[PDB]
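Input: a single structure, listed below in structure tokens.
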């Protein structure tokens, strides 16, 4: 007999993003062989972290000028992947389309200056609680690293993501005024007789950097 | 679990269907701990 | 039975004086079940954010949430809408439904069912959060297609934490008498 | 039935007591979530009792009176301003309310540890006893003991943004009974934070 | 109107209502958390907040002379404290 | 409702006591109120013969507890020129004496 079945208005609606195959009319079509390909990428921003990208500082310049003054505060930008100073890294370009990042953001630093002049850079984290620091002595108490450029310049650093929750937003909402994942710093506690020695910063993804929940945004 | 039938494996794979649990490393345990008996004896 | 002002559970169970208790099948109200009934929600046209505690105070699964301070959920929206509706994740972006390309649906029947998975940024949502008005975190994205007519929530495989006061309609007199239905 | 107590370095044993009344667990839940990059560091020297004076019921009191102390409150000395030098800090709580019964007072006072309470409409105060609670009558036991583990988002909390706990001392006994007893018996609550943790330290101003 | 007042003095479980019609008995049984004692029930009704704030009444016109007193039980110093106005 | 005297060292007397209703089943209270200063409840009386004065002025202060003629006589010695204030026959509904002076309490008001 005709085998009966009751159609359900709900649970049968057409939508983008469901896994039910297209079942296209064309069949028995053979594509050209494409193995041995010169460079595959399994996924981006989780495994596309091999290539580190530049950052944005004041003046459309990926290099920060070592300044000589009583003021020693370096660029102090927010951590949210849509903050100005990262508006053009691949990290941001990929975080914008997705909404929350659950992994540590990995920075880089290198020295473009001559061997004659050295310096002592220190980069400091600040959790969201209170005012981001302004001076090394004042930012000394919070977690931070120190280094100097003598024999090899490229110095990694791993800004660690410490939790208000298991995920955190990557599109900073216009509701609040203090960015949630706190500030960072750059500080020249001392420089030698070098000057106009460029310092260029590089951003990239570390070990536990797993975005999720794809969305759209006009970008 | 929840109020549903679908004895046959729901045609959509579970990961697509619903979320999955993080993993690391009480009000029912209260009932069984209820006091019983009397301070002394039950005569007659 | 010597209550010591401990406030620890103590139950006579009607055993001491007469017979034995008929078997208690405390079943058909276990939390995972009574949170499946569908609830009507006052809808907002052209935009709205799906939040579970947005139900009228007087409704079954609209009021058996505030019995729980925290609640894990999986939300199954179903809308009766006039144009292409759009859906968004919990980690909400503003003006992303205009370009669609976010999980959306078309009207092929009177009722359309969407199985939004758990998208909140935390371990568990909150129903009240000291600091009224919950922070912008506790939300299940948003829905905005044409004009929305009726909205329907369903918690699936839910689980609740830390149970909070419930109410009952305050009787104006002893044994508040609700008109029962009869042939 | 004398009850012993101890935390850190200070202790006061109750001359008479009912016994601890746990809530929502027996011991803290898993501590270093994979979300907080494991920067947590346990701190031992920070859990010591600290007296804190609360409202004392007098005869004039109606049943409805309720009182809620924001927890945790401003602290001085060891564990005082520690939260300031840390964020996302978490702790369980061992509250202790002590009152002098006089062995002659009819009125019964009930205290319940509650999480994220919002000002009540005075209609749920009846069913308030759902949360962990131990409730005292000066006839039998003048003090109560309550230990709760923290519950809210599991990984961490910013105690400057939202307090997750509260005391509620609402007097269950109607009014008070002046049966040849002290007219007013002020209640004292020896809050005691247990088993703290902490995370990424602020830039100090010292 | 409002007075200057620590949370622990009247905020942690205290009641503030103290009413006068001085010009001359300051002793008018009269109160503010509640509107009992019959006299001055409409347009003089007040209430108290989550911390020091003190009774409010209807605006834009004034039908009473001088100004009113506020009294709050205080827990630190067992003696009652009342001043301001 | 009088300022009494300041120069005399004798205990202040304020027998504003009239039999509108008795002191037999009710409470009667005594307050210090200057032209402008802080207000203190000197004392009060409730049925049960248990009237307690303010802690700050404990020894020097005493209020007569006689039910005849519905009277109340302040017994305050060592009075200092600064005890310059107007007092008032203050009436409360019952059991509001507590230990020290309380008002602003609900269902007591």
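Residue numbers (the numbering used here), protein chains in the order written: chain C, 257 to 475; chain R, 5 to 48; chain D, 659 to 841; chain Z, 61 to 266; chain G, 2 to 86; chain F, 1034 to 1142. We treat Cβ as the ideally placed atom computed from N, Cα and C, and that holds for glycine.
Residue i - DSSP class collapsed to helix/strand/coil
i, result
"residue 20 (chain R)", "helix"
"residue 78 (chain G)", "coil"
"residue 831 (chain D)", "coil"
"residue 11 (chain G)", "helix"
"residue 718 (chain D)", "helix"
"residue 30 (chain G)", "coil"
"residue 689 (chain D)", "helix"
"residue 1102 (chain F)", "helix"
"residue 774 (chain D)", "coil"
"residue 783 (chain D)", "strand"
"residue 143 (chain Z)", "helix"
"residue 712 (chain D)", "helix"
"residue 210 (chain C)", "A question about residue 210 (chain C) goes unanswered here, because the residues of chain C that appear run from 257 up to 475."
"residue 1095 (chain F)", "strand"
"residue 426 (chain C)", "coil"
"residue 182 (chain Z)", "coil"
"residue 163 (chain Z)", "coil"
"residue 128 (chain Z)", "strand"
"residue 228 (chain C)", "Residue numbering for chain C in the displayed model covers 257 to 475; residue 228 (chain C) lies beyond these limits and cannot be assessed."
"residue 227 (chain Z)", "strand"
"residue 72 (chain G)", "strand"
Cross-chain neighbours of residue i in chain G, by beta carbon under 8 Å
i, result
"residue 115 (chain Z)", "13, 14, 15, 76"
Residue interval of the beta strand (DSSP E) (run including residue i)
i, result
"residue 348 (chain C)", "Unbroken run through residue 348 (chain C) is the alpha helix (DSSP H), 346-351; no beta strand (DSSP E)."
"residue 414 (chain C)", "411-415"
"residue 740 (chain D)", "No beta strand (DSSP E) contains residue 740 (chain D), which DSSP labels as neither H nor E."
"residue 469 (chain C)", "467-470"
"residue 151 (chain Z)", "150-158"
"residue 820 (chain D)", "817-821"
"residue 52 (chain G)", "Residue 52 (chain G) -> no beta strand (DSSP E), and no H or E assigned at all."
"residue 444 (chain C)", "443-447"
"residue 1088 (chain F)", "Note, residue 1088 (chain F): premise wrong, no beta strand (DSSP E); not H, not E."
"residue 1125 (chain F)", "1119-1125"
"residue 1063 (chain F)", "1060-1066"
"residue 364 (chain C)", "361-367"
Partners in chain C for residue i, counting only beta-carbon separations shorter than 9 Å
i, result
"residue 213 (chain Z)", "419, 420, 421, 422"
9 Å Cβ cut-off: residues of chain Z touching residue i
i, result
"residue 1083 (chain F)", "238, 243"
"residue 735 (chain D)", "Going along chain Z, no residue has its Cβ under 9 Å from residue 735 (chain D), so there is no contact; the nearest lies around 25 Å."
"residue 1139 (chain F)", "120, 121, 122, 124, 125"
The alpha helix (DSSP H) enclosing residue i, as first and last residue numbers
i, result
"residue 1107 (chain F)", "Segment 1107-1109 is the beta strand (DSSP E) holding residue 1107 (chain F); no alpha helix (DSSP H) there."
"residue 1143 (chain F)", "Any property of residue 1143 (chain F) remains undetermined from this structure, which presents chain F solely from 1034 to 1142."
"residue 393 (chain C)", "392-395"
"residue 34 (chain R)", "32-35"
Contact list for residue i against chain G, beta-carbon separation under 9 Å
i, result
"residue 219 (chain Z)", "The premise fails here: residue 219 (chain Z) is roughly 18 Å from chain G at the closest Cβ pair, so nothing lies under 9 Å."
"residue 1073 (chain F)", "80, 81, 82, 83"
Amino acids of chain D, ordered along the chain, whose beta-carbon sits closer than 9 Å to that of residue i
i, result
"residue 271 (chain C)", "745, 761, 762, 763, 764, 770, 772"
Neighbour list for residue i in chain R, Cβ cutoff strictly below 8 Å
i, result
"residue 93 (chain Z)", "28"
"residue 85 (chain Z)", "30"
Proximal chain D residues relative to residue i, where beta-carbon distance stays under 8 Å
i, result
"residue 195 (chain Z)", "663, 665"
"residue 46 (chain R)", "674"
Where residue i meets chain F, residues with beta-carbon distance less than 9 Å
i, result
"residue 37 (chain G)", "1142"
Interface flag, residue i vs chain B, CB-CB below 9 Å
i, result
"residue 1128 (chain F)", "Looking for chain B here will not work: the only protein chains present are C, R, D, Z, G and F."
Under 8 Å by beta carbon: chain Z residues contacting residue i
i, result
"residue 683 (chain D)", "Near residue 683 (chain D) there are no residues of chain Z at all, since even the closest Cβ is about 24 Å away, more than 8 Å."
"residue 1132 (chain F)", "118, 242, 243, 244"
Chain-ordered neighbours of residue i on chain R, where CB pairs are closer than 9 Å
i, result
"residue 659 (chain D)", "39, 40, 41, 42, 43"
Contacts that residue i makes with chain C (C-beta to C-beta distance below 8 Å)
i, result
"residue 779 (chain D)", "356, 421, 422, 423, 424, 425"
Neighbouring residues, chain Z, relative to residue i (Cβ below 7 Å)
i, result
"residue 1094 (chain F)", "Those within 7 Å of residue 1094 (chain F) in chain Z number zero; the least Cβ separation is about 17 Å."
### Task
Specify whether the segment 384-400 of chain C and the segment 425-442 of chain C touch according to this definition: at least 3 beta carbon pairs, one from each stretch, less than 8 Å apart.
yes
### Contacting positions in the segment 273-294 of chain C - beta carbon closer than 7 Å to chain R
Within the segment 273-294 of chain C, contact with chain R at the beta-carbon level (separation under 7 Å) is assigned to 275.
### Query
Just by C-beta distance, which residues in the segment 16-41 of chain R are closer than 7 Å to chain Z?
Hits within the stretch, in order: 28, 29, 30.
### Message
With three or more C-beta pairs closer than 8 Å as the rule, is the segment 408-419 of chain C touching the segment 354-364 of chain C?
### Response
yes
### Query
Touch check for the segment 51-61 of chain G and the segment 1037-1057 of chain F: three-plus C-beta pairs under 8 Å?
no
### Message
Along the segment 1102-1123 of chain F, where does the CB come closer than 9 Å to a CB of chain G? Name the residues.
### Response
1119, 1121, 1122, 1123
### Task
Decide yes or no for the touch test of the segment 689-696 of chain D against the segment 801-818 of chain D: beta carbon pairs closer than 8 Å, at least 3 of them.
As far as the Cβ criterion goes, the segment 689-696 of chain D touches the segment 801-818 of chain D, which means the pair count is three or higher.
### Under 9 Å (Cβ pairs) to chain F, residues found in the segment 116-129 of chain Z
118, 119, 120, 121, 122, 124, 125
### Query
Between the segment 56-67 of chain G and the segment 28-45 of chain G, do three or more beta carbon pairs fall short of 8 Å?
yes
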